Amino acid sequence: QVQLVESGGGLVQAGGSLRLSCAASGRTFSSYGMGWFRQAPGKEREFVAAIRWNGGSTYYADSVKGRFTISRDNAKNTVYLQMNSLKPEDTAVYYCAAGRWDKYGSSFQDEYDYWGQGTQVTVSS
């Protein structure tokens, strides 16, 4: 551990909205950078968003900027991904991850050490 447990997925219409949550176990949450990744059918896992341990900075894939927002609550040991204005291209399994990067390297899956089992998102035309 940390164990990371995602929820909040669903099937939604294009233009619609979901919020993913990731609940972390342990007491060391507040020291980790947290991220969201996604894997679409027949494609490789890709970066979505990340947030520094202190909440000081956030980072986004170009394709989700302004539509998705990552946030964290170090007191509740939770990270969120608000997903607005959803597009069919956003369909994927979404995974929460924790790593010991500080402000650099957050787009790289190799810089994370813990991963959840994921939650499924489908957006339909």
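All residue numbers are counted from 1 along the displayed sequence.
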### Task
Higher average CA B factor in the deposited record is what I'm after, so tell me if that's 107-115 or 18-26.
18-26
### Query
According to the deposited model, is the average Cα temperature factor higher in 71-79 or in 48-56?
71-79
### Query
Lowest, middle or highest third of the chain for the C-alpha temperature factor of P41?
highest
### Message
Please say which third, lowest, middle or highest, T91 falls into when its CA temperature factor is compared across its chain.
### Response
middle
### Summary
Binned into thirds over the chain's modelled residues, the C-alpha B-factor of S85 lands in the middle
### Task
Please place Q3 in the lowest, middle or highest third of its chain by C-alpha B factor as given in the entry.
highest
### Query
Going by the entry, which third of its chain does the Cα temperature factor of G99 land in?
middle
